[PDB]
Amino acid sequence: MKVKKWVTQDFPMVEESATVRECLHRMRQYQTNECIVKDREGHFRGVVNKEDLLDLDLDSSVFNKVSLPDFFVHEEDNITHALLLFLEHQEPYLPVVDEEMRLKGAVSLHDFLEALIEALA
């Protein structure tokens, strides 16, 4: 099946200049340790890992704390391609982008596994 079938909008996201406080809050709302980051035009920038914010002032920015700029798949990829990205990094949410690198959603690791349960029994 295709990635587009499994995309969700229900995932943790902040803008690149969000404060540490804001990022931590988003991750708490999703009970998770990853936040996907976009820039002001909606392009994908990378992800913030919770562990990287431990010793930061809450008022400071996440701008310099982004990681994994290469961790994404495209809308029109096969869900089998997402397997290769999750093998590289087992993050709970895999960013999904269009051809101009605009963030279009995410594939949750959970939903990816559900795809594999279907593609098999």
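From 1 onward, residues are counted along the sequence shown.
- Sort the modelled residues of the chain by CA B factor and residue 10 lands in the highest third.
- When the modelled residues of the chain are ordered by their C-alpha B factor, residue 111 lands in the lowest third.
- Remark: residue 51 belongs to the highest third of its chain, ranked by C-alpha B-factor as recorded.
- Residue 39: CA B factor in the lowest third of modelled residues in this chain (values from the PDB entry).
- When the CA B factors of the chain's modelled residues are split into thirds, the value for residue 98 lands in the middle one.
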